[PDB]
Structure formats: C-alpha cells, structure tokens
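Below are the chains, spelled out letter by letter.
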Amino acid sequence: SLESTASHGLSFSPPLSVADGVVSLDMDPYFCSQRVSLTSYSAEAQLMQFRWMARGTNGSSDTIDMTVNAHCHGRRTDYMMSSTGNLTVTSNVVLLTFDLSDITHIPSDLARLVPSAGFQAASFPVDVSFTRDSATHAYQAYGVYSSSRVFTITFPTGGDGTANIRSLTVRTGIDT
Amino acid sequence: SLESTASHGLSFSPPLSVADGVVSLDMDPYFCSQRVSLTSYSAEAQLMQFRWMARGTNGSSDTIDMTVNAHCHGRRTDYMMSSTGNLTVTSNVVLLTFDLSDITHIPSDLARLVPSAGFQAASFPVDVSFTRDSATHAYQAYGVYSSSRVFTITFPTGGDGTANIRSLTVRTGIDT
Amino acid sequence: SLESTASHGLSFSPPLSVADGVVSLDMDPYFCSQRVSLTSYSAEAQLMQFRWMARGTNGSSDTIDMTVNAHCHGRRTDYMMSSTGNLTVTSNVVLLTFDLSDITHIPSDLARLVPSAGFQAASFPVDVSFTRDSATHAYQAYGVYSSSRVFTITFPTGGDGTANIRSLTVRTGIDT
Ligand SMILES: [Zn+2]
Ligand SMILES: [Zn+2]
Ligand SMILES: [Zn+2]
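Residues numbered from 1 in each chain as written, not as in the entry; some residues may be left out. Chains lettered and ligands numbered in written order. Heavy atoms only, no water.

- If you look chain A up in the PDB entry, it shows as SIGMA C CAPSID PROTEIN from Avian reovirus.
- Under its PDB record, the entry appears with the title "Structure of the C-terminal receptor-binding domain of avian reovirus fibre sigmaC, Zn crystal form".

Pasting the structure below:
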C-alpha cells in the first residue's frame, strides 16, 4: 500500500532541529559555532572586575573583601582574586565562602559565574596564598559548590589561635 | 520512472544516527550535551586521590611515592602531585616515569588518566619543584607519553652527583 | 495534488551537509571528532619552540628576545616564555608587544598562534615575573590583542626611572 520509505518522514531530536525543510544544528555560542565545520565558541570573552566579600564560615566568623577579575572565555571562567584588609582567623584551618549575593557590581552575564551541574559534582583545585606574621604561606587548596550560587574553599591558616592574615590571593577556575 | 527525490532516502554518518525515523546527534557526555542547543559536557567531574609510585628511568634508579589529586572535568584531567620521602638522583637531569600500573587505589574510571591520541602526539608542560640541600628548585619542565599508559617527565636536579631531593611537586594536565 | 510531505526534500545547514544522500556533521578536527559519538579534538597536539623578539611600546623603547614554547592542544595554545638579555625600562609600568612578524622560526601552523574572534574581545591574564636589582617581582598581569597578529601585555617594572630588567618570564594561553 502506496507509501514509500519516505512517506512517514524524519523527526529531529535536539540539538538537531528542522524548520521549513531546513535542518540545523542548534549551537550554544559559548561552546561551539560553525565555520563550515563545527568548531569552538564564537561568543565574546569578557574580563569582569568586581569586589567579592567572602565570609569565614568555620575557623573564622570574619569577612574579607576580594578584588576579583573573572576571565570568561567560552564556558570557562577563571578567577584571580586579591584581598584588601585582614581576615581574622581562629584555628589552623579556615573555610571561606563565596556566595554570588556578596558580589558588588553584579555583572549582567551572571551565568558566567555559575558552574555547570557536571563541574559542581566535585571538589576543584584552588591556589591560595597569604601573609601571616611576615611569612608567606601558599597551598594547593580545594573548593566545593554547596549550591549553584555558593562555593567554599578550605585552607590551612599557617598557625593556631587568633591571628590576622593579609594579602590573600585566590586563583581557580570553573566550567560553566 | 515513478521515484521522487525522496525515494532513495537519507543515510546518516556518525555522530549523526537515525532510529525509527528519529534523527539524533550522539554526544559523548564528557565533551558535550544538549540543553536545546549543543553545549559543553554533562558528565560529573571528579577529584580522584591516589598514590602513584613514580620511577627514576635515567639520572635515577630510585622510586618516589607521589600523593596525587586528579581533577577530571570534562575531557580535561589536571594533576596535582606531592612527594613523600626522598628521591635519590645521580646526575644533573632526571627522568621520572608515571605508568598507570604503579598507581595504588586504581580509580574505576581509569579512562580519565589516559590522554587522547591527539594529546599524546606532543610533549606537554609540567611544573616541577623540589628541595635539595635546603634550597628550592622550580622549573617549567616537559612530559611526553611513550604509550597511552605511560609518561615521563624530564627535569634538572639542581646539582650534580649523588643527592636526595624531597618535597617534589608536579603540576600538569592532560586532554583525554 | 500528488506530493507527499517528502516531495520537497530536506535542506542541511552548516555544519550539517548532505552528499549523495549521505548526511554528515562536518567537524573541525582541532575542536571535535567522532568515535561513534561526538567527542573532543582529534588533531595532533604540538609543542612549538621559537624565539620571539618582543618590543617595548610604552615605558620602554627597547626589545627583548623571548624563548617561547607554545603548547598547542586542540584550539588552546599555551605560551611559556623566558627572556635572554636585559630589557631597558624607563617608567613604573611597561607595555610589551608580541607581534607574529617578530617570531623567528615561524611555525608552519601559524593559525595556532592566532586567537579566535571571541577570545580577542577581552583582556586576558598573563603571569609575569622578572628580576630587577637582585629582587624578583611577580604579577598577575593582563594582555590584549590589538589585532589578530598582535597582543600587548602591561605590567609594573618594580620601580621608577631607567633600569634594566632580566629573567622575564611570561606565561599565558589563548583560545584559537
Ligand atoms: Zn503510513
Ligand atoms: Zn531507485
Ligand atoms: Zn511542490
């Protein structure tokens, strides 16, 4: 009966789509694009600069202002942070929390400061250094997202008891 | 004769595939995914921790235990390694070999510690530092895969003759 | 009238293409490939080594030879550069320009030293360090492409007036 193998037609599953008999690959421009062939991102990179007030959440109840540059290039966002002021610590380890609500400025493309579900699944490396009693301490530390808006880094304070650390730098990156 | 331009039908070459008249893009979830549009990886990142006994293969016949964190995020795996113990070196340059067979633990997703054929094609940068006679030496070094399971890094030892280096750190990453 | 929903046929928009009833995804091998599913790059990585004469363009009218290793892996190119000689600086900030025309050698795949339009859109982080009067200065600096062949980095010189800096290292990367 009268049909050909073509009669029933083809359906196209995302990221493939058809419109008006024209079949396309839908491309997130932060990840990929076409220049005849499928290649890497076309979206413009940006370098965001803002202040992030980080909060001590264990081994500190203090806060510390961080000057942040976030270099967003494709779906990678790299953070370079430097403190102003001292952070008061109370123990040999401190947890420092970075919640998007504590950024001033607040970039328009806030999506670039939010990790992917995949990336959120694990602890991630963070380079930390700071000065305490005129010595530099520097550590390969780790951060972890507790939710899509909030990560916390854990690092040693270079001593015990109450002390004030300064010149805290934080370097890390996330996949968004 | 009786056919239309549709009669002979369309064939779909990988990573495109058809099943039941539904055309799909097959996506490696470590590389890409769809959220309407084609975007970056959906697979969960992981932070693997294990001990890697590295072997001196020139300028040393010794071995050294490395504490390794491997942060696997998409098809990128970044290594952060720190030694325990001393490595005995005999020359001004040492070659230190990292073979998957010498990892204890042995993560289930061992595929994350294997570089792609493309990445294997070239030497890759490795940051190395260690202490020798109370001085720190630190170098931009290079590694190269001799096979898919084995890479070797080459770095200066900071002197000559027989000596023992300690606090060896290795930072590098691979594309898998 | 006589047509079916198949009569008019399907058109395929780049990076999808049809030839001889076979529908393909065209893949830039520096970005992606297929191993049944769509995955990451298949092109061979390379480690290019060349000399780059950088030019002082503000706070210096001098030039400085840089020994460059460019690790090209997919569409990421990472630069590791170390100077030979001194650079004469005249101010507390220097601008150092890296134009492809000043590379000797001149790799065949010069496309790997050219950033994407997207990446070019923003300033990018550059790690800089150098020695001046027997002290090391080290900074998170920034570079910016003024055109597809030319970027300039800006960094502090660690003092004022006329001076000569040495052991300048530059580490950064670009998306191509
Ligand atoms: Zn039917
Ligand atoms: Zn026929
Ligand atoms: Zn018609």
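Text resumes after the structure shown.
**Observations regarding the pattern of salt bridges**
Residues and elements named next belong to chain C.
So, point 1. Enumeration according to the criterion identifies 15 salt bridges over all chains in this entry.
So, point 2. Between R76 and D78 there is a salt bridge whose closest N-O contact spans 3.0 Å.
So, point 3. The exposure class assigned to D78 is buried, which follows from its relative accessible area of 18%. (Salt bridge = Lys/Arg side-chain N within 4 Å of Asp/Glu carboxyl O. Buried < 20%, exposed > 50% of the residue type's maximum accessible area, 1.4 Å probe, protein only.)

**Digging into the domain arrangement of chain A**
Residues and elements named next belong to chain A.
So, point 1. Partitioning chain A into domains gives domain 1 (14–44) and domain 2 (45–176).
So, point 2. Summed over both sides, the interface of domain 1 with domain 2 buries roughly 530 Å², with 50% coming from carbon and sulfur.
So, point 3. When the area that domain 1 buries against domain 2 is broken down by residue, the three leading residues are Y30, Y41 and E44, summing to 86%.
So, point 4. Our count for the contact surface shared by domain 1 and domain 2 stands at 1 salt bridge.
So, point 5. Among the ionic pairs, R75 bridges to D28, the shortest N-O distance being 2.7 Å. (Domains from an automatic or database assignment. Buried area = accessible area lost by both parts, 1.4 Å probe.)

**Looking at the coordination of the zinc ion (ligand 3)**
So, point 1. Distances from the zinc ion (ligand 3) to its protein donors, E3 of chain C (OE), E3 of chain C (OE) and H8 of chain C (NE2), fall within 2.0 to 2.8 Å. The exposure classification of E3 of chain C matches that of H8 of chain C, with both residues exposed. (Donors = N, O, S within 2.8 Å, 3.2 Å for Na, K, Ca; no water.)

**What to know about the UniProt feature "domain: Reovirus sigma C capsid protein C-terminal" (unreviewed entry) in chain A**
So, point 1. Taking the UniProt record as the reference, the feature "domain: Reovirus sigma C capsid protein C-terminal" (unreviewed entry) is found at residues 47–176 of chain A.
So, point 2. For residues 47–176 of chain A, helix accounts for 3% and strand for 66%, while the C-alpha atoms at its two ends are 15 Å apart. (UniProt positions renumbered as here; feature names shortened; annotations may be inferred. Helix = DSSP H or I, 4+ residues; strand = E, 2+ residues; numbered from the N terminus.)

**Description of the relation of the copies chain A and chain B**
So, point 1. For the pair chain A and chain B, the superposition axis carries a translation of 0.0 Å, the fit reaches an RMSD of 0.0 Å, and the rotation angle comes to 120°. What the superposition gives is, in effect, a three-fold axis relating one chain to the other. Relative to the rotation axis, the closest C-alpha in chain A is found at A6 of chain A, a distance of 3.4 Å. (Least-squares fit on C-alpha atoms.)

**Structural notes on the environment of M27 of chain C**
So, point 1. Inspection of the secondary structure puts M27 of chain C in the loop between β3 (22–25) and β4 (32–35).
So, point 2. Residue classification places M27 of chain C among the partly exposed residues on the basis of a relative accessible area of 24%.
So, point 3. Placed 122 residues apart in sequence, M27 of chain C and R149 of chain C show a C-alpha to C-alpha distance of 25 Å.
So, point 4. Residues within four places of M27 of chain C in sequence aside, it is in contact with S37 and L38 of chain A, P15 of chain B together with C32, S33, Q34 and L38 of chain C. (Contact = heavy atoms within 4.5 Å.)

**Focus: the interface of chain A and chain B**
So, point 1. At the interface, 33 residues of chain A touch 32 residues of chain B.
So, point 2. The tally of links from chain A across to chain B stands at 1 salt bridge.
So, point 3. Here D127 of chain A makes a salt bridge to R171 of chain B, at a shortest N to O gap of 2.6 Å.
So, point 4. Connecting chain A to chain B are 14 residue pairs in polar contact.
So, point 5. Secondary-structure elements contributing two or more residues to the side of chain A that touches chain B are β1 (11–12), α1 (117–120), β12 (124–132) and β13 (135–147) of chain A.
So, point 6. For the side of chain A that touches chain B, the residue count by class is 18 nonpolar, 9 polar and 6 charged. (Polar contact = N/O pair within 3.5 Å; in protein donor to acceptor, adjacent residues only side chain to side chain. Nonpolar A, V, L, I, M, F, W, Y, C, P; charged D, E, K, R; others polar.)

**Considerations on the coordination of the zinc ion (ligand 2)**
So, point 1. Protein-derived coordination of the zinc ion (ligand 2) comes from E3 of chain B (OE), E3 of chain B (OE) and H8 of chain B (NE2), at a distance range of 2.0 to 2.8 Å.
So, point 2. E3 of chain B sits in the exposed class, given a relative accessible area of 52%.

**Some details on the pairing of strand β10 (residues 93–99) of chain C**
All names here are of chain C.
So, point 1. As paired strands, strand β6 (residues 46–58) and β10 are joined by 3 bridges and run antiparallel to one another. Pairing of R55 across the sheet is with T97, part of β10.
So, point 2. In the sheet, β10 pairs with strand β14 (residues 150–156) via 7 bridges, with the strands oriented antiparallel. Looking at the pairing, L95 lines up with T154 of β14. (Pairing = 2+ DSSP bridges.)

**Things to note about the UniProt feature "domain: Reovirus sigma C capsid protein triple beta spiral" (unreviewed entry) in chain A**
So, point 1. When the UniProt feature table is mapped onto this chain, "domain: Reovirus sigma C capsid protein triple beta spiral" (unreviewed entry) is found at residues 5–44 of chain A.
So, point 2. Taken end to end, residues 5–44 of chain A is 0% helix and 45% strand, and its first and last C-alpha atoms sit 45 Å apart.

**Quick notes on the sheet that holds strand β1 (residues 11–12) of chain C**
So, point 1. Ordered by their spatial adjacency, 3 strands build an open sheet running β2(A)-β3(A)-β1(C), and the pairing between neighbours is mixed. The outermost strands of the open sheet, each flanked by one partner alone, are β2 (16–19) of chain A together with β1 of chain C.
So, point 2. As paired elements, β2 of chain A and strand β3 (residues 22–25) of chain A share 4 bridges and run antiparallel to each other. If you follow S17 of chain A over to β3 of chain A, its bridge partner there is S24 of chain A.

**Re the environment of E44 of chain A**
So, point 1. Checked against the element boundaries, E44 of chain A lands in the loop between β5 (37–40) and β6 (46–58).
So, point 2. Residue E44 of chain A is classed as exposed on the basis of its relative accessible area, which comes to 59%.
So, point 3. Setting aside anything within four residues of it in sequence, one finds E44 of chain A in contact with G118 and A121 of chain C.

**Notes on the sheet that holds strand β2 (residues 16–19) of chain B**
So, point 1. With mixed pairing, the 3 strands of this open sheet are ordered in space as β1(A)-β3(B)-β2(B). Unpaired on one side and paired on the other, β1 of chain A together with β2 of chain B mark the two borders of the sheet.
So, point 2. Note that β1 of chain A and strand β3 (residues 22–25) of chain B share 2 bridges and pair parallel. Of the residues in β3 of chain B, the one forming a bridge with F12 of chain A is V23 of chain B.

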